[PDB]
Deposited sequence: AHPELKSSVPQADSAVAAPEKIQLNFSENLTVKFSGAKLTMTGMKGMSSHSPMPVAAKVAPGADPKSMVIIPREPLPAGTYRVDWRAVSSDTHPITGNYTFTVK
């Protein structure tokens, strides 16, 4: 069972106020430790993408992974790149973007 992205907070293509908490919810169970995610600032409110210092861990809910930034996110557009894998599959990947007001 491939863990596809079911939803996220902030949602893809949403514009949100002061996040500090990014949660990815998947369709199937995933092994977090073999999965991963990255947060990149792609358009600070054209420039090279800037990697964001953040921790990645299993979220409280089954099928979830959280990205916890080290500090507040400046306003601008961000891209989340994720890789999810289950004990019986090889990694699948995805990406989406959201905006911080």
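Comparing the deposited sequence with the modelled residues shows one gap only, at 46-48, with numbering starting at 1.
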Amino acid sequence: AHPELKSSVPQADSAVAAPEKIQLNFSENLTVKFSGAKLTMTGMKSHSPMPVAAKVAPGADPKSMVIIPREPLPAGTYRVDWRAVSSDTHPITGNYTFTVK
From here on, numbers count along this sequence of modelled residues.
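Taking only CA atoms, the mean B-factor in the PDB entry is higher for 46-54 than for the other of 70-78 and 46-54. The question of which stretch, 14-22 or 88-96, has the higher mean Cα B factor is settled in favour of 14-22. When the CA B factors of the chain's modelled residues are split into thirds, the value for residue 62 lands in the highest one. Residue-level temperature factors show residue 31 in the middle third of its chain, judged at the C-alpha atom.
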